[PDB]
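Source file: final.csv; contents: CSV, N, CA and C atoms.
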```csv
chain,number,residue,atom,x,y,z
A,1,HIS,N,-8.8,-29.2,-76.0
A,1,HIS,CA,-8.3,-27.9,-75.6
A,1,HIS,C,-8.6,-27.6,-74.1
A,2,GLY,N,-7.6,-27.4,-73.2
A,2,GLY,CA,-7.8,-27.1,-71.8
A,2,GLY,C,-7.2,-28.1,-70.9
A,3,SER,N,-7.9,-28.5,-69.8
A,3,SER,CA,-7.5,-29.4,-68.8
A,3,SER,C,-8.6,-29.9,-67.9
A,4,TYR,N,-8.9,-31.2,-67.8
A,4,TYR,CA,-10.0,-31.7,-67.1
A,4,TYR,C,-9.8,-31.6,-65.6
A,5,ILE,N,-10.9,-31.2,-64.9
A,5,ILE,CA,-10.9,-31.1,-63.4
A,5,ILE,C,-12.2,-31.7,-62.9
A,6,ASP,N,-12.1,-32.3,-61.7
A,6,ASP,CA,-13.2,-33.0,-61.0
A,6,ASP,C,-13.6,-32.0,-59.9
A,7,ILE,N,-14.9,-31.6,-60.0
A,7,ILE,CA,-15.4,-30.7,-59.0
A,7,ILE,C,-16.7,-31.1,-58.5
A,8,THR,N,-17.3,-30.4,-57.6
A,8,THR,CA,-18.6,-30.7,-57.0
A,8,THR,C,-19.5,-29.5,-57.1
A,9,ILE,N,-20.7,-29.7,-57.6
A,9,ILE,CA,-21.7,-28.6,-57.7
A,9,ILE,C,-22.7,-28.7,-56.7
A,10,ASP,N,-22.9,-27.6,-55.9
A,10,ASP,CA,-23.9,-27.6,-54.8
A,10,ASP,C,-25.1,-26.6,-55.1
A,11,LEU,N,-26.3,-27.2,-55.3
A,11,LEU,CA,-27.5,-26.4,-55.5
A,11,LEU,C,-28.2,-26.1,-54.2
A,12,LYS,N,-27.4,-25.7,-53.2
A,12,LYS,CA,-27.9,-25.4,-51.9
A,12,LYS,C,-29.1,-24.4,-52.0
A,13,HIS,N,-28.8,-23.3,-52.8
A,13,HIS,CA,-29.8,-22.2,-53.0
A,13,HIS,C,-30.9,-22.5,-53.9
A,14,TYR,N,-31.2,-23.8,-54.2
A,14,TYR,CA,-32.2,-24.2,-55.1
A,14,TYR,C,-32.9,-25.4,-54.6
A,15,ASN,N,-33.0,-26.5,-55.3
A,15,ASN,CA,-33.6,-27.7,-54.8
A,15,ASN,C,-32.8,-28.4,-53.8
A,16,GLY,N,-31.5,-27.9,-53.6
A,16,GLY,CA,-30.6,-28.4,-52.6
A,16,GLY,C,-29.8,-29.7,-52.9
A,17,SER,N,-29.8,-30.1,-54.2
A,17,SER,CA,-29.0,-31.3,-54.5
A,17,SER,C,-27.5,-31.0,-54.7
A,18,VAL,N,-26.8,-32.1,-54.8
A,18,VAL,CA,-25.3,-32.0,-55.0
A,18,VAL,C,-24.8,-33.1,-55.9
A,19,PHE,N,-24.1,-32.7,-57.0
A,19,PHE,CA,-23.5,-33.7,-57.8
A,19,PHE,C,-22.1,-33.4,-58.2
A,20,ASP,N,-21.4,-34.4,-58.7
A,20,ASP,CA,-20.0,-34.2,-59.1
A,20,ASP,C,-19.9,-34.1,-60.6
A,21,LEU,N,-18.9,-33.3,-61.1
A,21,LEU,CA,-18.8,-33.0,-62.5
A,21,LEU,C,-17.3,-33.0,-62.9
A,22,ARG,N,-17.1,-33.5,-64.1
A,22,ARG,CA,-15.7,-33.5,-64.7
A,22,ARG,C,-15.8,-32.8,-66.1
A,23,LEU,N,-15.1,-31.7,-66.2
A,23,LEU,CA,-15.2,-30.9,-67.4
A,23,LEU,C,-13.8,-30.2,-67.6
A,24,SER,N,-13.7,-29.7,-68.8
A,24,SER,CA,-12.4,-29.0,-69.2
A,24,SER,C,-12.5,-27.6,-68.5
A,25,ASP,N,-11.4,-27.2,-67.9
A,25,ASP,CA,-11.3,-25.9,-67.2
A,25,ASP,C,-11.3,-24.7,-68.1
A,26,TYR,N,-11.3,-24.9,-69.4
A,26,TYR,CA,-11.3,-23.7,-70.3
A,26,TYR,C,-12.7,-23.2,-70.5
A,27,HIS,N,-13.6,-23.9,-69.8
A,27,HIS,CA,-15.0,-23.5,-69.8
A,27,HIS,C,-15.3,-22.3,-68.8
A,28,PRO,N,-16.3,-21.5,-69.2
A,28,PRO,CA,-16.7,-20.4,-68.3
A,28,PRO,C,-17.4,-20.9,-67.1
A,29,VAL,N,-17.1,-20.3,-65.9
A,29,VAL,CA,-17.7,-20.8,-64.7
A,29,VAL,C,-19.2,-21.0,-64.9
A,30,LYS,N,-19.7,-20.3,-65.9
A,30,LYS,CA,-21.1,-20.4,-66.3
A,30,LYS,C,-21.6,-21.8,-66.7
A,31,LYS,N,-20.7,-22.5,-67.5
A,31,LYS,CA,-21.0,-23.8,-68.0
A,31,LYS,C,-21.5,-24.8,-66.9
A,32,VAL,N,-20.9,-24.7,-65.7
A,32,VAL,CA,-21.4,-25.5,-64.6
A,32,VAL,C,-22.9,-25.3,-64.4
A,33,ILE,N,-23.4,-24.1,-64.6
A,33,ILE,CA,-24.8,-23.8,-64.4
A,33,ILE,C,-25.7,-24.5,-65.5
A,34,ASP,N,-25.3,-24.4,-66.8
A,34,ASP,CA,-26.1,-25.0,-67.8
A,34,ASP,C,-26.2,-26.5,-67.5
A,35,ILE,N,-25.1,-27.1,-67.3
A,35,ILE,CA,-25.0,-28.5,-67.0
A,35,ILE,C,-25.9,-28.8,-65.8
A,36,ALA,N,-25.8,-28.0,-64.7
A,36,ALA,CA,-26.5,-28.2,-63.5
A,36,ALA,C,-28.0,-28.4,-63.8
A,37,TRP,N,-28.5,-27.4,-64.6
A,37,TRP,CA,-30.0,-27.4,-65.0
A,37,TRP,C,-30.4,-28.6,-65.8
A,38,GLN,N,-29.5,-29.0,-66.7
A,38,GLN,CA,-29.8,-30.1,-67.6
A,38,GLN,C,-29.9,-31.4,-66.8
A,39,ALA,N,-28.8,-31.7,-66.0
A,39,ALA,CA,-28.7,-32.8,-65.1
A,39,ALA,C,-29.7,-33.0,-64.0
A,40,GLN,N,-30.0,-31.9,-63.3
A,40,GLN,CA,-31.0,-32.0,-62.1
A,40,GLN,C,-32.4,-31.5,-62.4
A,41,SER,N,-33.3,-31.8,-61.5
A,41,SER,CA,-34.7,-31.5,-61.5
A,41,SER,C,-34.9,-30.1,-60.9
A,42,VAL,N,-34.2,-29.1,-61.4
A,42,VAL,CA,-34.3,-27.8,-60.9
A,42,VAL,C,-35.4,-26.9,-61.4
A,43,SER,N,-36.6,-27.0,-60.8
A,43,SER,CA,-37.8,-26.3,-61.2
A,43,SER,C,-37.6,-24.9,-60.6
A,44,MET,N,-36.7,-24.1,-61.1
A,44,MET,CA,-36.5,-22.8,-60.5
A,44,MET,C,-36.8,-21.5,-61.3
A,45,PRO,N,-36.0,-21.1,-62.3
A,45,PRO,CA,-34.7,-21.5,-62.9
A,45,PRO,C,-33.5,-20.8,-62.1
A,46,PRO,N,-32.3,-20.7,-62.8
A,46,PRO,CA,-31.2,-20.1,-62.2
A,46,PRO,C,-31.3,-18.5,-62.1
A,47,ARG,N,-30.5,-18.0,-61.1
A,47,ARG,CA,-30.5,-16.5,-60.9
A,47,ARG,C,-29.6,-15.8,-61.9
A,48,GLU,N,-30.0,-14.7,-62.4
A,48,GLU,CA,-29.2,-13.9,-63.3
A,48,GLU,C,-27.9,-13.5,-62.6
A,49,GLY,N,-26.9,-13.1,-63.4
A,49,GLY,CA,-25.6,-12.8,-62.9
A,49,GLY,C,-24.7,-14.0,-63.0
A,50,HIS,N,-25.2,-15.2,-62.7
A,50,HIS,CA,-24.5,-16.4,-62.7
A,50,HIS,C,-23.3,-16.3,-61.8
A,51,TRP,N,-23.5,-16.1,-60.5
A,51,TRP,CA,-22.4,-16.0,-59.6
A,51,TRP,C,-22.2,-17.3,-58.8
A,52,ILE,N,-20.9,-17.7,-58.7
A,52,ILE,CA,-20.5,-18.9,-58.0
A,52,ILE,C,-19.6,-18.6,-56.9
A,53,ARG,N,-19.7,-19.4,-55.8
A,53,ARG,CA,-18.9,-19.3,-54.6
A,53,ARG,C,-18.1,-20.5,-54.5
A,54,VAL,N,-16.8,-20.5,-54.4
A,54,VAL,CA,-16.0,-21.7,-54.2
A,54,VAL,C,-15.9,-21.8,-52.7
A,55,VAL,N,-16.8,-22.6,-52.2
A,55,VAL,CA,-17.0,-22.9,-50.8
A,55,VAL,C,-15.7,-23.1,-50.0
A,56,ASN,N,-14.9,-24.1,-50.4
A,56,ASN,CA,-13.7,-24.4,-49.8
A,56,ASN,C,-12.6,-23.3,-49.8
A,57,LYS,N,-12.9,-22.3,-50.6
A,57,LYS,CA,-11.9,-21.2,-50.7
A,57,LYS,C,-12.6,-19.9,-50.4
A,58,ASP,N,-13.9,-19.9,-50.0
A,58,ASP,CA,-14.6,-18.7,-49.7
A,58,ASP,C,-14.3,-17.5,-50.7
A,59,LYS,N,-14.5,-17.8,-52.0
A,59,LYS,CA,-14.3,-16.7,-52.9
A,59,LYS,C,-15.4,-16.8,-54.0
A,60,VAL,N,-15.9,-15.7,-54.4
A,60,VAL,CA,-17.0,-15.7,-55.5
A,60,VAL,C,-16.4,-15.3,-56.8
A,61,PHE,N,-16.9,-15.9,-57.9
A,61,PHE,CA,-16.4,-15.6,-59.2
A,61,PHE,C,-17.6,-15.3,-60.2
A,62,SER,N,-17.3,-14.4,-61.1
A,62,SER,CA,-18.3,-14.0,-62.1
A,62,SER,C,-18.5,-15.2,-63.0
A,63,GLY,N,-19.8,-15.5,-63.4
A,63,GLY,CA,-20.1,-16.6,-64.2
A,63,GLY,C,-19.4,-16.6,-65.6
A,64,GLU,N,-18.8,-15.4,-65.8
A,64,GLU,CA,-18.1,-15.3,-67.1
A,64,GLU,C,-16.7,-15.7,-67.1
A,65,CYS,N,-16.1,-15.7,-66.0
A,65,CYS,CA,-14.7,-16.1,-65.8
A,65,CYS,C,-14.3,-17.5,-66.3
A,66,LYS,N,-13.1,-17.7,-66.8
A,66,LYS,CA,-12.7,-19.0,-67.3
A,66,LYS,C,-12.3,-19.8,-66.0
A,67,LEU,N,-12.8,-21.0,-65.9
A,67,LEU,CA,-12.5,-21.8,-64.7
A,67,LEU,C,-11.0,-21.9,-64.3
A,68,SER,N,-10.2,-22.1,-65.4
A,68,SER,CA,-8.7,-22.1,-65.1
A,68,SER,C,-8.3,-20.8,-64.5
A,69,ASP,N,-8.7,-19.7,-65.1
A,69,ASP,CA,-8.4,-18.3,-64.6
A,69,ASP,C,-8.8,-18.1,-63.2
A,70,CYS,N,-9.7,-19.0,-62.7
A,70,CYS,CA,-10.1,-18.8,-61.3
A,70,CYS,C,-9.4,-19.8,-60.4
A,71,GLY,N,-8.4,-20.5,-60.9
A,71,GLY,CA,-7.7,-21.4,-60.1
A,71,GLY,C,-8.6,-22.6,-59.6
A,72,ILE,N,-9.7,-22.7,-60.2
A,72,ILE,CA,-10.7,-23.8,-59.8
A,72,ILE,C,-10.1,-25.1,-60.2
A,73,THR,N,-9.9,-26.0,-59.3
A,73,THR,CA,-9.4,-27.4,-59.6
A,73,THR,C,-10.1,-28.5,-58.9
A,74,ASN,N,-9.6,-29.7,-59.1
A,74,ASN,CA,-10.2,-30.9,-58.5
A,74,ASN,C,-10.4,-30.6,-57.0
A,75,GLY,N,-11.5,-31.1,-56.4
A,75,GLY,CA,-11.7,-30.9,-55.0
A,75,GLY,C,-12.6,-29.7,-54.7
A,76,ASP,N,-12.5,-28.7,-55.6
A,76,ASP,CA,-13.3,-27.5,-55.4
A,76,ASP,C,-14.8,-27.8,-55.4
A,77,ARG,N,-15.6,-27.1,-54.5
A,77,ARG,CA,-17.0,-27.2,-54.5
A,77,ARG,C,-17.6,-25.9,-54.9
A,78,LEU,N,-18.3,-25.9,-56.0
A,78,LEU,CA,-18.9,-24.6,-56.5
A,78,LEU,C,-20.4,-24.5,-56.0
A,79,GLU,N,-20.7,-23.5,-55.3
A,79,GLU,CA,-22.0,-23.2,-54.8
A,79,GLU,C,-22.6,-22.2,-55.7
A,80,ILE,N,-23.6,-22.6,-56.4
A,80,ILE,CA,-24.3,-21.7,-57.4
A,80,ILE,C,-25.1,-20.7,-56.5
A,81,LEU,N,-25.0,-19.4,-56.7
A,81,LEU,CA,-25.8,-18.5,-55.9
A,81,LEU,C,-27.1,-18.2,-56.7
```
Could the structure of this file be written out as structure tokens, please?
Amino acid sequence: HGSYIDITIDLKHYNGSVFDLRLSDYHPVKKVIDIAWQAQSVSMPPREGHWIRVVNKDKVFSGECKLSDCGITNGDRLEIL
């Protein structure tokens, strides 16, 4: 169910790492955050609100939005705030 997209996650506001991710766009922008914490050594944790900024598009989305509904596609870089 959905459609696979290749994106980049940027933890600039945390340990500063950057990884690439491929997942179904029917997922909530929030999913990128769960995955981010599982995959990386982020001794933080994440900030409430779960807000993301699509760097290449200079637009912020609520972590509750559906990725597809945010026009987020391959190439997009999501900066977790």
Mind listing the strand (DSSP E) residues of chain A, per DSSP on the backbone, as a ChimeraX atom specification? /A:4-10,18-24,51-54,59-62,77-80
Those same residues, written as a tab-separated table (two decimals), keeping the file's coordinate frame with N, CA and C atoms?
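This is the output file again.tsv:
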```
chain	number	residue	atom	x	y	z
A	4	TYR	N	-8.90	-31.20	-67.80
A	4	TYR	CA	-10.00	-31.70	-67.10
A	4	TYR	C	-9.80	-31.60	-65.60
A	5	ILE	N	-10.90	-31.20	-64.90
A	5	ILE	CA	-10.90	-31.10	-63.40
A	5	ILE	C	-12.20	-31.70	-62.90
A	6	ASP	N	-12.10	-32.30	-61.70
A	6	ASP	CA	-13.20	-33.00	-61.00
A	6	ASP	C	-13.60	-32.00	-59.90
A	7	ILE	N	-14.90	-31.60	-60.00
A	7	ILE	CA	-15.40	-30.70	-59.00
A	7	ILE	C	-16.70	-31.10	-58.50
A	8	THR	N	-17.30	-30.40	-57.60
A	8	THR	CA	-18.60	-30.70	-57.00
A	8	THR	C	-19.50	-29.50	-57.10
A	9	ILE	N	-20.70	-29.70	-57.60
A	9	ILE	CA	-21.70	-28.60	-57.70
A	9	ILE	C	-22.70	-28.70	-56.70
A	10	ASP	N	-22.90	-27.60	-55.90
A	10	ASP	CA	-23.90	-27.60	-54.80
A	10	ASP	C	-25.10	-26.60	-55.10
A	18	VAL	N	-26.80	-32.10	-54.80
A	18	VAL	CA	-25.30	-32.00	-55.00
A	18	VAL	C	-24.80	-33.10	-55.90
A	19	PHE	N	-24.10	-32.70	-57.00
A	19	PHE	CA	-23.50	-33.70	-57.80
A	19	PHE	C	-22.10	-33.40	-58.20
A	20	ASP	N	-21.40	-34.40	-58.70
A	20	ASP	CA	-20.00	-34.20	-59.10
A	20	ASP	C	-19.90	-34.10	-60.60
A	21	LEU	N	-18.90	-33.30	-61.10
A	21	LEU	CA	-18.80	-33.00	-62.50
A	21	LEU	C	-17.30	-33.00	-62.90
A	22	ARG	N	-17.10	-33.50	-64.10
A	22	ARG	CA	-15.70	-33.50	-64.70
A	22	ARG	C	-15.80	-32.80	-66.10
A	23	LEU	N	-15.10	-31.70	-66.20
A	23	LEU	CA	-15.20	-30.90	-67.40
A	23	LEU	C	-13.80	-30.20	-67.60
A	24	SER	N	-13.70	-29.70	-68.80
A	24	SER	CA	-12.40	-29.00	-69.20
A	24	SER	C	-12.50	-27.60	-68.50
A	51	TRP	N	-23.50	-16.10	-60.50
A	51	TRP	CA	-22.40	-16.00	-59.60
A	51	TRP	C	-22.20	-17.30	-58.80
A	52	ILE	N	-20.90	-17.70	-58.70
A	52	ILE	CA	-20.50	-18.90	-58.00
A	52	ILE	C	-19.60	-18.60	-56.90
A	53	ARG	N	-19.70	-19.40	-55.80
A	53	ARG	CA	-18.90	-19.30	-54.60
A	53	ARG	C	-18.10	-20.50	-54.50
A	54	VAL	N	-16.80	-20.50	-54.40
A	54	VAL	CA	-16.00	-21.70	-54.20
A	54	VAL	C	-15.90	-21.80	-52.70
A	59	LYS	N	-14.50	-17.80	-52.00
A	59	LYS	CA	-14.30	-16.70	-52.90
A	59	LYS	C	-15.40	-16.80	-54.00
A	60	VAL	N	-15.90	-15.70	-54.40
A	60	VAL	CA	-17.00	-15.70	-55.50
A	60	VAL	C	-16.40	-15.30	-56.80
A	61	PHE	N	-16.90	-15.90	-57.90
A	61	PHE	CA	-16.40	-15.60	-59.20
A	61	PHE	C	-17.60	-15.30	-60.20
A	62	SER	N	-17.30	-14.40	-61.10
A	62	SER	CA	-18.30	-14.00	-62.10
A	62	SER	C	-18.50	-15.20	-63.00
A	77	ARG	N	-15.60	-27.10	-54.50
A	77	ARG	CA	-17.00	-27.20	-54.50
A	77	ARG	C	-17.60	-25.90	-54.90
A	78	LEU	N	-18.30	-25.90	-56.00
A	78	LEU	CA	-18.90	-24.60	-56.50
A	78	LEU	C	-20.40	-24.50	-56.00
A	79	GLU	N	-20.70	-23.50	-55.30
A	79	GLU	CA	-22.00	-23.20	-54.80
A	79	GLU	C	-22.60	-22.20	-55.70
A	80	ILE	N	-23.60	-22.60	-56.40
A	80	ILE	CA	-24.30	-21.70	-57.40
A	80	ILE	C	-25.10	-20.70	-56.50
```
Here is a test: counting only C-alpha atoms, which residue of A:12, A:30, A:66, A:1 is nearest to residue 52 (chain A)?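 Ranked by minimum distance to residue 52 (chain A), first place goes to A:30.
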Tell me which of A:75, A:28, A:16, A:2 sits closest to residue 62 (chain A), counting only N, CA and C atoms.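 Nearest to residue 62 (chain A): A:28.
If you count all atoms listed in the file and ignore residues fewer than 4 places along the chain from residue 47 (chain A), what sits within 8 Å of it is residues 51, 80 and 81 of chain A.
Coordinates place CA of residue 34 (chain A) at a distance of 12.6 Å from CA of residue 64 (chain A).
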Between A:14, A:70, A:57, A:29, which residue has the minimum interatomic distance to residue 45 (chain A), considering only N, CA and C atoms?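 Ranked by minimum distance to residue 45 (chain A), first place goes to A:14.
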Using only N, CA and C atoms, which of the listed residues (A:3, A:50, A:20, A:61) sits closest to residue 33 (chain A)?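 Nearest candidate to residue 33 (chain A) out of A:3, A:50, A:20, A:61: A:50.
Once residue 53 (chain A) and its same-chain neighbours fewer than 6 positions away are set aside, residues 59, 60, 78 and 79 of chain A remain within 6 Å of it when counting only C-alpha atoms.
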Got time to write the residues from that selection, N, CA and C atoms, as an mmCIF file, keeping the file's coordinate frame?
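Result went into selection04.cif, see below:
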```
data_model
loop_
_atom_site.group_PDB
_atom_site.id
_atom_site.type_symbol
_atom_site.label_atom_id
_atom_site.label_comp_id
_atom_site.auth_asym_id
_atom_site.auth_seq_id
_atom_site.Cartn_x
_atom_site.Cartn_y
_atom_site.Cartn_z
ATOM 1 N N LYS A 59 -14.500 -17.800 -52.000
ATOM 2 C CA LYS A 59 -14.300 -16.700 -52.900
ATOM 3 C C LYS A 59 -15.400 -16.800 -54.000
ATOM 4 N N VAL A 60 -15.900 -15.700 -54.400
ATOM 5 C CA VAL A 60 -17.000 -15.700 -55.500
ATOM 6 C C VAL A 60 -16.400 -15.300 -56.800
ATOM 7 N N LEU A 78 -18.300 -25.900 -56.000
ATOM 8 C CA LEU A 78 -18.900 -24.600 -56.500
ATOM 9 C C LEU A 78 -20.400 -24.500 -56.000
ATOM 10 N N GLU A 79 -20.700 -23.500 -55.300
ATOM 11 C CA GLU A 79 -22.000 -23.200 -54.800
ATOM 12 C C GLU A 79 -22.600 -22.200 -55.700
#
```
